[PDB]
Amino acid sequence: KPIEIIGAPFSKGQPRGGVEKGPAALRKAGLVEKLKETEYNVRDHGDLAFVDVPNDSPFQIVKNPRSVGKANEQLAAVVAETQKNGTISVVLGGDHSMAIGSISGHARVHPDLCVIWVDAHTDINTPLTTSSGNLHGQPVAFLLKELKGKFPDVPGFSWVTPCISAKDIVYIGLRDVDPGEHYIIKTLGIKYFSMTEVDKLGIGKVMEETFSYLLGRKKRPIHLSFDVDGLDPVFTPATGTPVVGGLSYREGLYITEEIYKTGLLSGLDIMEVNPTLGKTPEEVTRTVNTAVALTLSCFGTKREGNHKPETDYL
């Protein structure tokens, strides 16, 4: 199987500068090289270039909607492209509002796909709920069908087609939800696992269920949108919104791990890493690394070890 890496150095999703430097550090950590050492065929598509929409007017509170509309449109296309050739897309953020792109494009080639959203936040606000224009906190809105038209068309997103329903998505790691978002997720009966659930059930059962719940009947393709703020701030401190009492580096790898074992990975998102937001170098480095290790996890590497088949090490 093949693997194509895509950098989406973008940041117009939220107000903190750095996230675009994201994929830069991830590579500078040897993400590619390592990925190669695995049983997967890897290719680097380099980092997209995002033309800046002059005079981007703040559609209501929602900010820079046009810049975020073309960047996401351009991406989705690139994704659908590789998705076509049969390769697995590994998007590198860049803030999380690049999910709109990454997922839509993916959907094209596989509209039967299910999404697993490991994030501290739900990002399911619509332009009608947000308390900030930060689109990086709305992606699920532009993708959910049950929320189509539920808000004024947004400048630059016209190109998006709600590709998934509240029954094909699952949240893992939620711990800082806005009133509005809570309403919508309860109303649209979405399946999640907030820290309290993980706390209760145990990352073990969480996956166990999230799987049968999404792959009980027909086994579909999986799109893993991993928000690095989703692990606890001790483990991935360099982010836009640290939020305490989150997923642990272990549970983080327990998830990427069970997903790899299902053999249904098709698209991955390593978003929100902000190489500029580290209180000390080490912190940025911790972040980047646990981020990298999460990826390679998705593609093989088991904490128990890996031995290349057929060869007799004895």
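Each residue number is its position in the shown sequence, starting from 1.
Per the PDB record, of the two stretches 285 to 293 and 260 to 268, 260 to 268 carries the greater mean B-factor over its C-alpha atoms. Stretches 127 to 135 and 169 to 177 differ in mean C-alpha B factor, with the higher average recorded for 127 to 135.
In this structure the maximum Cα B-factor among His96, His121, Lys200, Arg217 is found at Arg217. Between the residues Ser67, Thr280, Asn274, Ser248, it is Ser67 that shows the highest Cα B-factor in the PDB record.
Sort the chain's modelled residues by C-alpha temperature factor and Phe142 lands in the middle third, per the entry. Remark: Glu81 belongs to the highest third of its chain, ranked by C-alpha B-factor as recorded. Annotation for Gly252: C-alpha temperature factor in the lowest third relative to the rest of the modelled chain, per the entry. In the deposited entry, the Cα temperature factor of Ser89 places it in the middle third of its chain's modelled residues. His182: CA B factor lies in the middle third for its chain, per the PDB record.
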